[PDB]
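K.L.:
Quick one: the structure is below, and I'll ask about it shortly.
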Amino acid sequence: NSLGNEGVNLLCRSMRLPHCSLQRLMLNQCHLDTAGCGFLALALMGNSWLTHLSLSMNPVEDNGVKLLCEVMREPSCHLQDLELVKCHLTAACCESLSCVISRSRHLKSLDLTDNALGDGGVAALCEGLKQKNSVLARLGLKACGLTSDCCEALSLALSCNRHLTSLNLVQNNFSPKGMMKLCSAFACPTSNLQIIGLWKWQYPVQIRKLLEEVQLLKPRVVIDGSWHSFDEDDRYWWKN
Amino acid sequence: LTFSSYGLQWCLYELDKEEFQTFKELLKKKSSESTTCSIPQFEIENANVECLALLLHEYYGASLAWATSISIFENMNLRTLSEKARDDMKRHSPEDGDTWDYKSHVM
Amino acid sequence: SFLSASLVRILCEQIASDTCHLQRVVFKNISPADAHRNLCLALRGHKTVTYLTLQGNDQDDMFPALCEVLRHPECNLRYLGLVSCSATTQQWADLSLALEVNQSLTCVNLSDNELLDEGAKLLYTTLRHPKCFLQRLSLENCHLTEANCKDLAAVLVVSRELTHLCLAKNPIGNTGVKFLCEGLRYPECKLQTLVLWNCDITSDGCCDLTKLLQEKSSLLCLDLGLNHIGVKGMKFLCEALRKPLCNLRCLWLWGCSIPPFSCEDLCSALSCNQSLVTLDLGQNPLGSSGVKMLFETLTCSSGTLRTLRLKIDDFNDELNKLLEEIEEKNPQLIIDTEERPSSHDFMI
Amino acid sequence: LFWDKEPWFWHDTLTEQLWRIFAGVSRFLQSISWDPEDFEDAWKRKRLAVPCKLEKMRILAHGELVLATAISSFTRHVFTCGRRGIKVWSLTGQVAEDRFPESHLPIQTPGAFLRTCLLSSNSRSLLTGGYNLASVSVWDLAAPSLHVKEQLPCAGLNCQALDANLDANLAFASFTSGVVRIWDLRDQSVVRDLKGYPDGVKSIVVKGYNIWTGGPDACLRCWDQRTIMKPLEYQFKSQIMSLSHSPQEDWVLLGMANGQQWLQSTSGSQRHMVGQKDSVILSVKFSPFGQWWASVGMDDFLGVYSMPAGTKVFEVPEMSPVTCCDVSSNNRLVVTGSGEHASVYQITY
């Protein structure tokens, strides 16, 4: 719906009050911009009821995400799930998001799909996730143009982390050496990922048998390309 | 008459249910705009694909109904079905001693 | 030669002058390094030198001078030969870039150079460039391996001037020949001559080569040596030669251990074939029955081959009259029964 | 098939058990589905959606090196080409690997070969050509029995690329002497000749009045049929191996033989690389709806790419180099050919 910044501002003014009681709001393809994201940032501070927020397929640029991150970084905020897709992000946005992830305590889900984060942004995010204070539950990466060095850093990050459960790396170009590193990280007892997004058949025989060897270890893990497998039913059921 | 509507019926079967509803609505608009030839709205609504093709041919005519369907196909951003329809129209629309002894013995 | 500064100065001036008319030049084991570098610099832009071969004990500064010589827009040396020169990967890299820049030479001879896989990949990347006209190329005792062979198959598919190619003393027997078949089955390959020698060719390679030959392929010549292909390999080769479609011109068989039971099929094939022009045999135990059957069939048949060579363990008067019968029955056949300038090497 | 440990069907295990009894001594593969209502893939949360999954569902043994392929979805058949003849397969039965063609069309002539093949879009004819052959032959597929209906003459010429435009009843072919001929299928008479470039043109693509050709000389040319003007050249740095055209939007896809893919616009001279590999690209094919394309190269890989920027959605490995690919008009089946076999994959999304 072509709501626009004006409509988002009117909703913002309505949600500013403490007596609103709605918990989940979604706005995709609503012609948002940086100013609308600023309105949402102003409305979000001081509100404790709303929990799930989504802004996908909107050209909310790096700066808008910076405003949102600055707003969310105080513990007072009670936002758990935020997912934004196709928002034209870059590396500096990723550094700010990494600071958010390391510091905050209430966020439990995040989604970055069809964004050109590249290797630098993912390196910053790996620094963010390395901290044992983080409590992020699931992370969505796809079509983010990853490569060998970033996957090495990511493998080390996963080796260091314990709280993360679900992940996604599809439509990404990985060289065999990087995948060897990734699988070595996967097999470690330290990391307990219950869901992984990868296509087994996309890789050579050595890699395929390596993934199968990782699988026979930790029989609970499931590797399935089509993400959203065994995910919470409510997330998609609510929408339709 | 039947030979031409057979191909049209088989072209429309490619359209999906949502595409079929869009086709019917666009046909409603086309009929409303034109004044030379008219179609009832409730009859367009109640008809399914087979009745739609036969009704289209009953009112417009063979070539005119084919051309209308092709134009509407192009309008919905379908280009492959347009070419298939043009070809199927090109095909469905009419232009406007010893041997004798041997064989007896074998017998 | 160990030279001195004054001699080298005068000599290089003489070489660089317009009164010089050298067409071939060879510098090997020149010392010290500065003198060799100065000599190679004298050739920069020469209007008459069309050959050049190089060799030395130390090479740390050979490559800068050679690459300057090649990068020159006026150098016209048509043939370049590097022998036993030691180098490193960066040296191969800048030499390959120079050969990318160069537009004159058509024959390159790299023998005994300690290439590894990486340098081979760089040279191949140079050869796939759409603007190189290297027609002949030798990689002998370069210590290659099958993966380079797959890259070379890609080169063969892509390249558009390379006709002669030599791969001797390279352990690329089975997988290498499989990949070369993958590259040569392509209906538009241009290669005309391939050389295999001490490459560990076996029956599988013979089968693949036969499958290549039965079709209308490009290569006119094929060389085999130190390849034990006795029974199955020769079965495949002879059933290949028998057909009317083969256009192979020359076939070399040396140290291949052809037994008499294979020689019967060999003789049948020779009687059947009509397009081969040259054949070579040597070190193969054909002595008692094989030679006699071969000579008898040669007298009986009238094949197109002109030259034929063999070695006989022990001959008699009957064998001499058999040779006379071969001569009289067909006058155009020349038979001998007695190595760098070898005919193929003369062509490459 | 080859990827799995062993491909089994649902009735095959019962047949095996009954055979054991008689002699006295996921997990199951699926078949390919045709009806759109059966397809039943959930909406992501006709169609321009980018595919997201693949599965091999048959292997076709040709018996000799496969040079070209073609797939039809209106009829279920598949066409395979080799140096000695063409073989027609059927996709209606259920079997892991088939050895019995629906038909076989051999060509007998001393020193005659086949290189190319091409299936008209309406699935009613099929073109064929090769070296040392008297003429380019077209087969009639709609008739009750296969037979050659027309012969398009070319004496002492070696064709290497074929293309056809049915709206204007034209057929094109490129010969090794750098000559392109245009035939009018009604009369089978040559119309116009394009010449002047010795290296030849390995690939030709026709849309509208523009013929796009590219060859090892590292140039891409755009001929116009309405006039005798010189072609417009776009110089590249490597040698082009294949071409394809976008049906909806103005964009020409091409492979560079150095593992690079580019897009080129007809209206203006804009370029931008859309993918890179370590191998030689031997064929690039566009999807009928134009939102993705398939690529096959020398390093044993089949890949699918996304039109907007060139991101590769996924790819599948293989044991031997692939040399040709084709995508069905249903946008659901893709066929590739390596070694002496041809494989069929189904697209789901």
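Naming works like this for the structure tokens: A, B, ... for the chains as they're shown, residue 1 at the start of each chain, ligands 1 onward in shown order.
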Once you count only C-alpha atoms, what closest atom pair and distance in Å to one decimal does each residue of chain B within 9 Å of chain D have, with rows by chain and rising residue number, as a tab-separated table?
P.N.:
```
residue	atom	partner	partner_atom	distance
B:14	CA	D:36	CA	9.0
B:15	CA	D:46	CA	8.0
B:16	CA	D:46	CA	8.4
B:19	CA	D:46	CA	8.5
B:77	CA	D:46	CA	8.5
B:78	CA	D:46	CA	6.7
B:79	CA	D:248	CA	8.2
B:80	CA	D:288	CA	7.9
B:83	CA	D:167	CA	8.9
B:84	CA	D:122	CA	7.3
B:87	CA	D:122	CA	7.8
```
K.L.:
Can you list, as a PDB file with C-alpha atoms, in the first residue's frame, every protein, DNA or RNA residue that comes within 8 Å of residue 128 of chain A when you count only C-alpha atoms, leaving out same-chain residues fewer than 5 positions away?
P.N.:
```
ATOM      1  CA  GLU A  95      29.230  -2.242  11.664  1.00  0.00           C
ATOM      2  CA  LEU A  97      24.291  -3.491  13.400  1.00  0.00           C
ATOM      3  CA  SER A  98      27.198  -5.441  14.895  1.00  0.00           C
ATOM      4  CA  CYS A  99      27.428  -2.945  17.740  1.00  0.00           C
ATOM      5  CA  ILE A 101      23.907  -7.117  18.350  1.00  0.00           C
ATOM      6  CA  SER A 102      26.831  -7.154  20.766  1.00  0.00           C
TER       7      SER A 102
END
```
K.L.:
Could you give me, as a Markdown table, a per-residue list for chain D showing, wherever an atom lies at most 8 Å from an atom of chain C, the closest pair of atoms and their distance in Å to one decimal, using only C-alpha atoms and sorting by chain then residue number from low to high?
P.N.:
```
| residue | atom | partner | partner_atom | distance |
| --- | --- | --- | --- | --- |
| D:111 | CA | C:245 | CA | 7.4 |
| D:115 | CA | C:187 | CA | 7.6 |
| D:216 | CA | C:130 | CA | 6.6 |
| D:217 | CA | C:130 | CA | 6.8 |
| D:218 | CA | C:130 | CA | 6.9 |
| D:237 | CA | C:130 | CA | 7.7 |
| D:238 | CA | C:130 | CA | 5.8 |
| D:239 | CA | C:130 | CA | 5.9 |
| D:257 | CA | C:158 | CA | 7.1 |
| D:258 | CA | C:128 | CA | 7.8 |
| D:279 | CA | C:154 | CA | 7.9 |
| D:280 | CA | C:154 | CA | 6.8 |
| D:298 | CA | C:154 | CA | 7.0 |
| D:321 | CA | C:182 | CA | 7.8 |
```
K.L.:
Could you give me the residues within segment 103-257 of chain C that DSSP places in helix (DSSP H, G or I), as a ChimeraX atom specification?
P.N.:
/C:117-127,146-158,174-184,203-214,232-241
K.L.:
Select residues of chain A: the criterion is any atom within 7 Å of an atom of chain D, counting only C-alpha atoms; output as a PyMOL selection string.
P.N.:
chain A and resi 171+201-204
